[PDB]
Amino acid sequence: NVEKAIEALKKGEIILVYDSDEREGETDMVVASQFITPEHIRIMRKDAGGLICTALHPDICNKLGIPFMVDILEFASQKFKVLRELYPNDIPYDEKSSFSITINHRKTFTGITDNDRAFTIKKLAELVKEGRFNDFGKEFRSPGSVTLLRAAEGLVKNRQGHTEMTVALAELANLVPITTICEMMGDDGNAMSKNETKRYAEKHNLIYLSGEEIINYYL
């Protein structure tokens, strides 16, 4: 199943990845960022509905100098004390946020359109694939509409969220290890259930993958 998903990812398709019954119980739509298109963004906002985020392998984040947002906030809590009052000291270690900074490519206008978000994401994957790390500040500004996620060092060995699972899948596919993901939201106000997301994958001829399978394959 993992290898079939890898082929789909290599063709620029959206695949569906469920994490686990014990974790978020959520399914994310996932695409290899180097193949992102405005159409992928349109499908994610209409049929998934969560935040459209782009996850990056830790090696990439280290080359760009991008930290976890929690660390930006903790340091800034020295000046803005409310940040200390909002510390996420109550989240299980396994669910600790993978949130990093938000960005827009400088050539975009408001940054939120399908065209703007696909351009921001595709240009970031381009810059990374080409190794033009120093061009990051030249080409992008923060804050913006595309939320970046920082994958755990060691990926699924140390954290088992969609952030790590999808980046691990891109690494396995021999692609730039950067993915764009969006949580699938249900009409009942909760996340779409695994039965509901498997159903959507069947209707749209998409690959549906369980996180356990990616983890096992990777390890």
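We number the residues from 1 along the sequence you see.
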Higher avg CA temperature factor (65-73 vs 177-185, as deposited) belongs to 65-73
The stretch carrying the higher mean Cα B factor in the deposited entry, 205-213 or 11-19, is 205-213
Of the residues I112, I91, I103, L127, the one whose Cα carries the largest B-factor in the deposited record is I91
The third of the chain into which the C-alpha temperature factor of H57 falls is the middle
Of the three thirds of the chain ranked by Cα temperature factor, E139 occupies the middle
Binned into thirds over the chain's modelled residues, the C-alpha B-factor of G154 lands in the highest
On the chain's distribution of Cα B-factors, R132 falls within the third called middle
For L172, the third of its chain by CA B-factor is the highest
